[PDB]
Amino acid sequence: XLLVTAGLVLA
Amino acid sequence: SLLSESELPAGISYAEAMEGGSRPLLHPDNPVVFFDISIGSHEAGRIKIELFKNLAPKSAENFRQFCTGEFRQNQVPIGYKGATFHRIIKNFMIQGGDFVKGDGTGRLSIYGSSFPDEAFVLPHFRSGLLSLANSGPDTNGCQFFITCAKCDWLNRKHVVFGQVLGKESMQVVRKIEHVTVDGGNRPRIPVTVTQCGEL
């Protein structure tokens, strides 16, 4: 996908 | 309390932000900070950023202290000087500010290990907005992203808390956005905040 995480980048 | 793109306050359209200098446009007491950026060993220019203290005071003050060196751990300042952009996705956003680990796992705020989400007032409605990276609800720390396109799917999950000011700022954002990256979207050549502060 197009997220902005800090640790586990998801699709 | 998310505003639609026709309820937006004055001073935050793309055109308005591109006319900005070093003073805030949304509210007169909003701080303006800056990053000087190096791409590899080459100076790329300055990004000036209005922090929306009037809408997201805790988020603005966290970012502001990390720019000025005012936040200390046992008398040792820590913040964005020397921090990198570790995740760069063309046509989406540029992500950085992990001064803890440099890889996207780091989380530290001026309030403790993390701080809660403030109200989600502004949408991710255009390029050039500053928003908090996190790992789910109430996990804000030090990382941030600058939008390189609208990304409203992020609304109500990330607090939009600032905007870049002036055309040079967006030119630098676009330069960072277009550097070569690996399969994990890490730049092949480092992108670093070499200096930062308040204007």
Restricted to the range B:98-109, and to residues that are more than 9 Å from every other protein chain (Cβ to nearest Cβ) and crowded, with 18+ Cβ neighbours inside 10 Å, which residue is nearest to B:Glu177 (Cα to Cα)?
B:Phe99
In this structure, is B:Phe145 among the aromatic types (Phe, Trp, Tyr) and facing chain A (nearest Cβ under 10 Å)?
yes
The range B:1-15, residues that are among the aliphatic types (A, V, I, L, M), more than 21 Å from B:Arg156 (Cβ to Cβ) and either touching a residue at least 60 places away in the same chain (Cβ under 8 Å) or part of a loop (DSSP other than H, G, I, E, B) (or both):
B:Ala10
Kindly provide the set of residues from the range B:77-91 that are surrounded by fewer than 21 Cβ atoms within 10 Å (Cβ to Cβ) and in contact (Cβ under 8 Å) with a residue 24 or more places away in the chain, ordered by number.
B:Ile78, B:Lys81, B:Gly82, B:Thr84, B:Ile89, B:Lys90, B:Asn91
Give the residues of the range B:47-59 that are more than 12 Å from B:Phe115 (Cβ to Cβ) and touching a residue at least 40 places away in the same chain (Cβ under 8 Å), sorted by residue number.
B:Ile47, B:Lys48, B:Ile49, B:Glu50, B:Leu51, B:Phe52, B:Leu55
Of the residues that make up the range B:120-140, is at least one over 25 Å from B:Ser38 (Cβ atoms), more than 11 Å from chain A (Cβ to nearest Cβ) and of a type in the set (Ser, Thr, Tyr)?
no
Just checking, how many residues over the range B:71-127 are among the β-branched types (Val, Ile, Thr) and assigned to a loop (DSSP other than H, G, I, E, B)?
5
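Reconstructed Cβ throughout: ideal geometry from the backbone, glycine too, with neighbour counts over all protein chains shown. Bear in mind that the values in this text are calculations on the coordinates, not laboratory data.
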